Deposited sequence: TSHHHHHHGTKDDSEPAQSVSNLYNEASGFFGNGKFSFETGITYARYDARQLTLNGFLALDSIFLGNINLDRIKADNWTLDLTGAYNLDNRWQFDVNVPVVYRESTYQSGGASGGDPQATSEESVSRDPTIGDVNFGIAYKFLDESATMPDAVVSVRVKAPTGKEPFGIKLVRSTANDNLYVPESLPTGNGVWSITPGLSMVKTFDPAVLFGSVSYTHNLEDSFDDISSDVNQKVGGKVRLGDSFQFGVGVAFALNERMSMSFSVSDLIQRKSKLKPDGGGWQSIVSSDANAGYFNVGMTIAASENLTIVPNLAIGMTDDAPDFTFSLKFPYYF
């Protein structure tokens, strides 16, 4: 099973199932237009049991400079909302069947919370995480139809309701409350080709819908306006085989207002 195909399948299927363990460094620039430059170092380890089950942690690391006639704000490399996945390959591909993988991705509020950030207007700091617990079930198909590998994916992210000491952006008020960050549905599809024994290329489109954030001061449920979100991405990416070592570059053209203008990913999946 040549590395172009197997790198292509890993990337698409979300299921690092070439070896038995796997560690991966990723670096991701994103550009928001408030002008804003955001880099993101990801660190991600995964192990495999019975060719069929996968477990993994991911640790994100976040530098962030936002500019607001103009004044600058910063956040130096902090975590990160740490997330762990479990994944299960319920269907192995055949002529009649696709490859299929159900998964669940719990994510925890380890990063700096966006709530309580006062306004000395320009923020006194920038966040690194939305401040709540998420749980994201998800599905992904992949099937080779020589020489196009078609692939696709759905997921839904329930956030869990949490409470907070301070939720006033105003510089004089400790107004405590609690927050339901509303749910999201995430859809995406695309097609990939094994260009040669080592290289593979992919075109894909994904979209993300967030269903509006309710809030409750210590008061009644007053939902945050402007908080619901559509986020459209268009992606061109390879897949370049190096050694066990691999480089995976990707561009993400921001089709929506809420998605960043573009985003350059450079991932380095390494397999023991």
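Student: Numbered from 1 along the deposited sequence, what ranges are absent from the coordinates?
Tutor: 1-15, 49-72, 108-120, 173-180, 279, 305 are the stretches of the deposited chain that have no C-alpha coordinates in the structure.
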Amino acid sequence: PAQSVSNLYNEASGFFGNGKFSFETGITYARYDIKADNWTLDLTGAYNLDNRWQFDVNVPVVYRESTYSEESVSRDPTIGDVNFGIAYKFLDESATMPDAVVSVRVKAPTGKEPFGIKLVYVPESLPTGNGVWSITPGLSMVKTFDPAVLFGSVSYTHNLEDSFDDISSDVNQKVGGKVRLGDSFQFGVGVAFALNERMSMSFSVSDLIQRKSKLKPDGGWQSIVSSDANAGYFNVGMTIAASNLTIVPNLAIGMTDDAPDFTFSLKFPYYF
From here on, numbers count along this sequence of modelled residues.
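Student: For the C-alpha atoms alone, is the average B factor greater in 168-176 or in 82-90, going by the entry?
Tutor: Higher of the two, by average CA B-factor, is 168-176.
Student: Looking at the entry, does 227-235 or 59-67 show the higher mean C-alpha B-factor?
Tutor: According to the entry, 59-67 carries the higher average C-alpha B-factor.
Student: Of the choices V73, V106, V191, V142, which one's C-alpha carries the largest B-factor in the record?
Tutor: Result of the comparison over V73, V106, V191, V142: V73.
Student: Per the coordinate record, which of the options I209, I27, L49, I247 holds the highest CA temperature factor?
Tutor: That would be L49, according to the entry.
Student: Considering every modelled residue of the chain and its Cα B-factor in the PDB entry, is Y121 in the lowest, middle or highest third?
Tutor: Its C-alpha B-factor belongs to the highest third of this chain's values.
Student: Hey, what third does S134 fall into on Cα B-factor, ranked over its chain?
Tutor: Answer is middle: the recorded C-alpha B-factor places it there.
Student: What third of the chain, by the recorded C-alpha B-factor, contains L8?
Tutor: Its C-alpha B-factor, which the entry lists for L8, ranks in the middle third among residues of this chain.
Student: Which third, lowest, middle or highest, does the CA B-factor of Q222 fall in along this chain?
Tutor: Its C-alpha B-factor belongs to the highest third of this chain's values.
Student: Ordered by C-alpha B-factor within the chain, which third holds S243? Give me lowest, middle or highest, please.
Tutor: It falls in the top third of the chain.
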